[PDB]
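>>> below you'll find the sequence and an experimental structure to go with it.
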Amino acid sequence: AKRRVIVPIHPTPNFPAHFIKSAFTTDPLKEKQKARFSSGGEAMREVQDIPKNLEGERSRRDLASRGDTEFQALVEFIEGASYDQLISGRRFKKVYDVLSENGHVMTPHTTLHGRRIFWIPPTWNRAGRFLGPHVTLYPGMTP
Amino acid sequence: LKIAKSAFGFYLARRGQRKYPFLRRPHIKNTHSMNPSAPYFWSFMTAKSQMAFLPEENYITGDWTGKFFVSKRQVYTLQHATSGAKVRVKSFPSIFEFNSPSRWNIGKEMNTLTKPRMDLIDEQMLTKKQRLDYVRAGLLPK
Amino acid sequence: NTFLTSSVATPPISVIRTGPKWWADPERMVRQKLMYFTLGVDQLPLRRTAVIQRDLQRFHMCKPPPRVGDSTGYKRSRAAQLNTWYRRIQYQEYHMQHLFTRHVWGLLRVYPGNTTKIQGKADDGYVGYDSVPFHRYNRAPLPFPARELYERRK
Amino acid sequence: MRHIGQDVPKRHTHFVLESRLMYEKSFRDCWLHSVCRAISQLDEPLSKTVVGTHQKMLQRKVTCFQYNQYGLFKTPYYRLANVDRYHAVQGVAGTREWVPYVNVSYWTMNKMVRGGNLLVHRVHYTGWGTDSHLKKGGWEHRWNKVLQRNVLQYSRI
Amino acid sequence: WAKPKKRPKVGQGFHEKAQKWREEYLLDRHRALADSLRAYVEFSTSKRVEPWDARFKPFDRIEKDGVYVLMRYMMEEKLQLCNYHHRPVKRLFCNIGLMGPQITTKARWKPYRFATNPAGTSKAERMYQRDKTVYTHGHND
Amino acid sequence: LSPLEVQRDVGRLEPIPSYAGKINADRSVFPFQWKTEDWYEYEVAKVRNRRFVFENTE
Amino acid sequence: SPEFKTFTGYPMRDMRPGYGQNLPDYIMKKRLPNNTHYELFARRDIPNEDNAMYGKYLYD
Amino acid sequence: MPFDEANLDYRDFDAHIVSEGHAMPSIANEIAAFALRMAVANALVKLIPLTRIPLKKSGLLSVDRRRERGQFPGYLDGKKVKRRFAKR
RNA sequence: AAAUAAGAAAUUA
């Protein structure tokens, strides 16, 4: 069948074990599938919803020093109107959760082209002609 | 390329029918070099001035053993006719000889005396498919 | 007339569909008007045309008025009727232009483009110096030199 | 040789080296060649001092000398082959398959730009660019402006 | 990109055939050349139809007035020497100066291929009745 | 009233600008109107002279 | 002419139809290839770029 | 038009327009004229401030952003026309 | 081949 063969990569000073099992696969029927997602310290705490169990002096220090989270959320969402930030739908979502706690022929192919908040910005390996979200091709004259 | 007529058949791509900038096509194939004109006889595919000297190639430049064919930009001179010596030129399949000397050749380059694309076709250098395609164009009888 | 060669005729409606680009290009329309005015004849059809087209141009970037659905189809048919009216108002003009131009050329001792009628002078299409040696539509042989429609003095 | 112990993956890369030597030969022969051409073809008198039979004679003497120079490099540049220093891919210069300032073929330009190796900047594929001059008159105009700052801004002496 | 198939070998005795065919193609070309030179010169030497288009002015005018007067009395000899070939005719008209700026601007001339007809030409068909065996580029009768 | 002295705000009364009827009209001054020959010559001269500068001056 | 967008102020080309690299006149005013970009290509663009800076054996 | 919209007499004003874009031997064409009209209107507004309100409503000061498509060698004409297609 | 500084207007899943 002329079955393709792939030789294992062993851990390397720049290429640690988890990087290898997550970014590299020796079975080439599993190539070109799709992207996998994982979570780190904070996004993990959000997704996993670990209720904090009460603890020693630090935990009660932070039960007494907490203040209004109903308010703090609100503030942080507002703060997106600051000159150096944008207004986030995520920040808003967090506020909401705390309050409620109780052309057309081509826009398959234009899918990147509006003003788009990104997560991962596209890169030149994966995107041939896209210029970036900030770009204005047909600028008007403004004083 | 589809068929390899030379080594380069292996190295080169055709790229369909692709356009090159004016008067630069990678390979100089002068199909037109013998293209009869009475009034333009002395200006067409010849020297732009009649006061130019004959090219390098009409002269023996160094100590030679001998040559097989002379170059095709060599110009036919009265001595080519008169001397009765071998005058060969590299054409395809092999070589064209000027055997039957005439003064009507004189003063033109052998480019112009050698028909590059002959009306004659070998059926034995053609695949059965290619022969079919030459019958479609109304060249080969069948 | 400088443009003498055989030509391709386009159906009137496609000529009119060019709108501002040709049929209603201001520049062209004005010298039509000049021809009529000089002959001492009102240019009414030209003015109708200019009115229709002027307005076409003014609203040309707007979206059409919102359509409510009707079993009658009275709306659709009234829009259509108006439209073909305008089309005909302009056919009449297009005809006038070809008409008067040919007539005026007859007065100016002008030779038309190949295969063209000039009512009093060349009944079958006039031709001289075509790429093809016969008259195209008669299938009759052309004389050398080019046939003359007018007596000699100038 | 004969494909024994070859160091480079593509053998034809060597041709690129050969090409370099061609340009070298041209530097060695250009001045000479062109002088012999100009003195040969000159119909007007050469000068006050060299005229008439002397000039005719000297002309023929020179073109005889020029024909005698074996290996003198007369080939016009546009007839030399352009071949990549990397993958030995070839392209016709003045065509979209050859990229002039890096002097690599389209194939290599693509490979090198997409995996980042060349540092370039992406610009909308359909226009003239970021550049003012190209934006004005396109390729010919920018070509001209380059002539202008290489030559014309000098009043030579 | 498929590996290029190998080209079949040349032929047996095709080297002789190619030699002979080119040989006598050249021998033929000598007479084709001789004949077309004869034709070219015969054309240069012989008369042509009048180059100007009479449908426009100043040429339409009755042959007894205007430009035709200017031609009959001042230019006739020269116009006949050059055999009404359209190039020298147009130049002579420029140099007679009594027309002056008009030659290129107001006056119209026949198109190239019509102006090249032999004097006496009656029907247009003549353009197509000239000899095709001869390589003059339409400069032959 | 010259168009600048006219009071165009329905709700205010503004001080009339000091140039209102004052600046006079000479075609020699403005609007700019000029011969084509001179314009050509000017433009070309201005390009050719970019580098004629004495930098070091007393 | 300042009327065309392409206006450099200098006569970029001379408008002579026949003019060619052939002519003695052209040869007399012409930039020789020595020390132009052609030389730069001749030296710096070669198959293994490091062989431009030093003998491999030496370095090794 | 801008002198009209502002209810002004054009004869009370001197204007000179300067071409800062691509020069051409003839700017007579409707697009160039659109740009002209706009320049004049913006000047008029800097000069007679209140005149801005009629002008802005009649859409004189408004700038349309349109361009010929960038040149591009893929298309036959260099702009809009894709090359010939044949089924295999 | 085209609804893109051009100018086109009414029969969705």
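That came through fine. Numbering: from 1, shown residues only, chains lettered A, B, ... in the order given.

>>> state the helix or strand in which the residue nearest to the spatial centre of chain B lies.
Centroid check for chain B by Cα atoms, centre = their mean gives residue B:116 as the closest residue, at 4.4 Å. Residue B:116 belongs to no helix or strand when assigned by DSSP states H and E.

>>> how much space separates the residue nearest to it when sequence neighbours are not counted from residue E:27?
Distances taken as Cβ to Cβ, 6 or more residues apart in numbering or on different chains put residue B:31 closest to residue B:116, at 5.4 Å, once the chain neighbours are dropped. Bear in mind the C-beta positions are built from the backbone N, C-alpha and C, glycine included. Separation of residue B:31 from residue E:27 (Cβ to Cβ, to the nearest Å): 21 Å.

>>> settle it for me: which of the two has more neighbours?
residue E:27 (13 against 9; other Cβ atoms under 10 Å in any protein chain shown).

>>> how far away is the more buried one from residue B:104?
9 Å.

>>> residue of chain C closest to chain A, please.
residue C:63 (15.7 Å; Cβ to the nearest Cβ).

>>> mind checking how far that residue is from chain E?
51 Å (Cβ to the nearest Cβ, to the nearest Å).

>>> quick one on the thing from earlier: residues in contact with the residue nearest to the centre of chain B?
Residues near residue B:116 by Cβ atoms under 8 Å, 6 or more residues apart in numbering or on different chains: B:29, B:30, B:31, B:33, B:34, B:91.

>>> try 10 Å
Residue B:116 makes contacts with B:29, B:30, B:31, B:32, B:33, B:34, B:35, B:72, B:91, B:92, E:22, as judged by Cβ atoms under 10 Å, 6 or more residues apart in numbering or on different chains.

>>> show me where chain G has helices.
G:24-28, G:37-44, G:50-53, G:56-59 (DSSP state H).

>>> then chain H?
Under DSSP H, chain H gives helices at H:2-5, H:30-47, H:52-57.

>>> quick one: closest of these to RNA strand I.
helix H:30-47 (4.0 Å; Cβ to the nearest atom of the strand).

>>> residue closest to the middle of chain H?
Judging by Cα atoms, centre = their mean, chain H has its centre closest to residue H:35, at 2.5 Å.

>>> contact partners for it?
Contacts of residue H:35 (Cβ under 10 Å, 6+ apart): H:17, H:19, H:21, H:27, H:63.

>>> on the three-state scheme, the closest residue to residue C:42 other than its chain neighbours is what?
Using Cβ to Cβ, 6+ apart and skipping the chain neighbours, the partner closest in space to residue C:42 is residue C:36 (7.4 Å). Classification of residue C:36 using DSSP: H, G, I helix; E, B strand; the rest coil returns helix.

>>> neighbours of residue C:36, just the number please.
Neighbours of residue C:36 using other Cβ under 10 Å come to 19.

>>> residues touching it, list them.
Here residue C:36 is in contact with C:42, C:43, C:44, C:45, C:46, C:47, C:96, C:97, C:100, C:104 (Cβ under 10 Å, 6+ apart).

>>> ok, which pair from those residues is furthest apart?
C:47 and C:104 (19.3 Å; Cβ to Cβ).

>>> neighbours of the closest residue to chain H within chain G, how many?
Going by Cβ to the nearest Cβ, chain H is nearest to residue G:5 of chain G, at 4.1 Å. Neighbourhood size, residue G:5 [other Cβ under 10 Å]: 12.

>>> how about the nearest residue to it, chain neighbours excluded?
Nearest one to residue G:5, counting by Cβ to Cβ, 6+ apart, is residue H:22 at 4.1 Å.

>>> find the nearest non-adjacent residue to residue A:113, please.
Residue A:113 sits nearest to residue A:130 (Cβ to Cβ, 6+ apart), 7.3 Å away.

>>> pretty sure the one you found belongs to a helix, no?
No. According to three-state DSSP, the state of residue A:130 is coil, so it is not within a helix.

>>> which positions within stretch B:70-79 qualify as buried?
For stretch B:70-79, a neighbour-count test (16 or more other Cβ atoms under 10 Å in any protein chain shown) marks B:70, B:72, B:74, B:75, B:76 as buried.

>>> and whichever strand in chain C runs longest, which strands flank it?
Longest strand in chain C by number of residues, with DSSP state E as the criterion: strand C:122-126. Looking at strand C:122-126 with DSSP bridges, its partner strands are strand C:116-118 (antiparallel).

>>> show me how far the partner strand is from its chain's centre.
13 Å (Cα atoms, centre = their mean, to the nearest Å).

>>> likewise for stretch F:21-32?
Per Cα atoms, centre = their mean, the centroid offset for stretch F:21-32 relative to its chain is 9 Å.

>>> need the contact list for the one residue sitting closest to the centre of chain F.
Closest residue to the average C-alpha location of chain F: residue F:30 at 6.3 Å, with Cα atoms, centre = their mean. Residue F:30 makes contacts with F:23, H:14, H:15, H:16, as judged by Cβ under 10 Å, 6+ apart.

>>> hang on, it in a helix?
No. Per three-state DSSP, residue F:30 lies outside any helix segment and is coil.

>>> before we move on, back to that, could you let me know which of the contacts of residue F:30 ends up closest to residue E:91?
residue H:16 (49.2 Å).
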